[PDB]
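Next up is one chain by itself, shown in structure tokens, the form deposited in one PDB entry.
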């Protein structure tokens, strides 16, 4: 049976032509058009997703499948669900379903799925990158280059080797594990805190030492890497008090969630030098307003939120999306880990 598939992505414009493997955009559309069309489906792709008059709303009433990414998400409200006669399947080409009303989706008997696990190497790499950028003081050196300067002292005074430094990951899920694996050869003192100890083999392999008490671990760290989710416990947890307990000059890397930091506490402690540097790609609010204080605070090595939308991640998101589409057409279950809602049943972690 022919299905109407709608993909919502941002327009990449010239970037899409500069890189045809930039799949997460309108122009390249996950690389699935030829295949979908060959199978007799209709594939409608648009960036125009807000407003009653937008292209998306033209298709909401009769689409079967709506695909988007967290980067230009088509918001799936109860209101839009109610208008969607044929909608069965919501796919995130990526990870993140925060733009979907999951309860409404479940109530409507929908399936909601995402490409679980497909960003983890990307984020772990980006963390390691940021550890080195901060530790070795890349940013001031880069900024001298562009300004026509040459002032070694101005860079050297805050530049260290990573070797021998104490690096603590707060959380050691999949991303923190991959990070520790990549840190092992640098010859650091690796500490981790998590709800779960890694297997003793993995700890010997990475050399990471479990620290049950987080308030014991943090003051020992030259570098702290945030690798847990935003919960009531972790929200604003890096506040004035907690940042105060960290080593003076601590370097913090945060590709987890911006709101784990209390935003102004981080600015104050960066202006006072207590935080030596802060680098991440996650912000609050996100996208970060032009005025976001983390943009202009001293020693920042921020970027916009791109670590999980490398081309390689995008390829995995596209492949996962195609796999689930094929399964959907064939009446085959998706990988269990991909389901957020399955035929109207919200997975227990999302209840």
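The term rigid core refers to the maximal set of C-alpha atoms that superpose within 1.5 Å between the two forms. Numbering follows the first chain given and starts at 1.
Only in words, not in the display: the form deposited with a small molecule bound, which the text now covers.
Although the small molecule is omitted here, in the bound PDB entry none of 156, 244 and 276 has a heavy atom within 4.5 Å of it. Partner contacts here mean any heavy atom within 4.5 Å of the small molecule in the bound PDB entry, and among 100 to 108, 199 to 207, 85 to 93, 249 to 257 they occur only in 249 to 257. Contact check for residue 194: a non-hydrogen atom falls within 4.5 Å of the small molecule in the bound PDB entry. Using a 4.5 Å cutoff between non-hydrogen atoms, residue 120 counts as a contact of the small molecule in the bound PDB entry.
In the bound PDB entry, none of the heavy atoms of residue 225 sits within 4.5 Å of a heavy atom of the small molecule. Residue 282 belongs to the set of residues with a heavy atom inside 4.5 Å of the small molecule in the bound PDB entry. This chain is displayed alone, yet in the bound PDB entry one of 184, 147, 240, 233 has a heavy atom within 4.5 Å of the small molecule; that residue is 233.
In terms of contact with the small molecule in the bound PDB entry, the residue from 165, 72, 220, 174 that brings a heavy atom within 4.5 Å is 174.
Core-aligned CA deviation for residue 203 between this form and the one not shown: less than 2 Å. Taking the rigid core as fixed, one finds a CA shift for residue 293 smaller than 2 Å between this form and the one not shown.
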